[PDB]
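Once you know that position 123 of the sequence shown is 123 in the deposited numbering, the rest is easy, because the numbers rise by one and skip nothing.
Yeah, the Cβ is synthetic: ideal placement off N, Cα and C, and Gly gets one too.
Notes to accompany the following structure.
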Amino acid sequence: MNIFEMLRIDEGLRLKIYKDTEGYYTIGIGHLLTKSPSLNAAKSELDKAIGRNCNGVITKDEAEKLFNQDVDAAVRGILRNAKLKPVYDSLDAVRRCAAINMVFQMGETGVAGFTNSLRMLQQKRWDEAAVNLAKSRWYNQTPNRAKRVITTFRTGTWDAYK
Ligand SMILES: CCCc1ccccc1
Ligand SMILES: [Cl-]
């Protein structure tokens, strides 16, 4: 497994504009278009992102290109953030994927506020980190996905995704 296979499981693939778990217009593999309630605003953001008039529909190739850009952006957000980078650099390769997954879902700023969990992860206190990560709006709103990510941090294996 790798980060692309992991996020494809967590996000799915839809080729027409849809609403995410929070009600926001989204397309592809979890690509957020806008938080505005206007479908026309979402369609405008989509055309700008793809470079053509899409009328709310994209191809699989276009979805996978947005996905590559979004994963790259998540990694760069980690590497430029003074709170996230040292923790990320301390992790093994499997747990790094769990970190990228959280930033992809919630953004660099949201994850950087998980101050106590970040310290526990840097100290390699896996069970303690797992308990702390579950005490969150994130876990309560998307519990099945959060459980998979937390299990990945707890064990350093892909068992939750197999
Ligand atoms: C609970 C924080 C997960 C994380 C995210 C980015 C980099 C390191 C750790
Ligand atoms: Cl879920």
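Separation of residue 43 and residue 55 (C-alpha to C-alpha, rounded to the nearest whole angstrom) is 7 Å. Boundaries for residue 51: no alpha helix (DSSP H) harbours it, and the DSSP string shows neither H nor E there. The Cβ atoms of residue 146 and residue 138 lie closer than 8 Å to each other. Per DSSP, residue 65 lies in no beta strand (DSSP E) segment; the continuous alpha helix (DSSP H) that holds it begins and ends at 60-80. In chain order, the residues that have a beta carbon nearer than 5 Å to some heavy atom of ligand 2 are 142, 144, 145. Within its own chain, the residues whose Cβ lies closer than 8 Å to the Cβ of residue 13, once the five positions on either side in sequence are excluded, are 28, 29, 60, 63, listed in chain order. Between the region 67-79 and the region 95-112, the count of C-beta pairs closer than 8 Å reaches three or more; the two stretches touch. Residue burial is scored here from C-beta neighbours: residue 57 has fewer than 16 other C-beta atoms within 10 angstroms and is therefore classed as exposed. Pairing residue 87 with residue 118 gives a Cβ-Cβ distance under 8 Å.
Distances from the alpha-carbon of residue 80 to those of 93, 102, 112, 92 put 112 closest. Around residue 128, the same chain offers 120 as residues with beta carbons nearer than 7 Å, after the five sequence neighbours per side are excluded. Relative to ligand 1, the beta carbon of residue 103 is positioned inside 7 Å of a heavy atom. Straight across, the Cα-Cα distance linking residue 89 with residue 148 is about 21 Å.
Taking 3 residues as the shortest admissible run, the region 1-53 contains the following complete beta strand (DSSP E) segments, listed from N- to C-terminal end: 14-19, 25-28, 31-34. For the pair residue 25 and residue 17, the CB atoms are nearer than the 8 Å cut-off.
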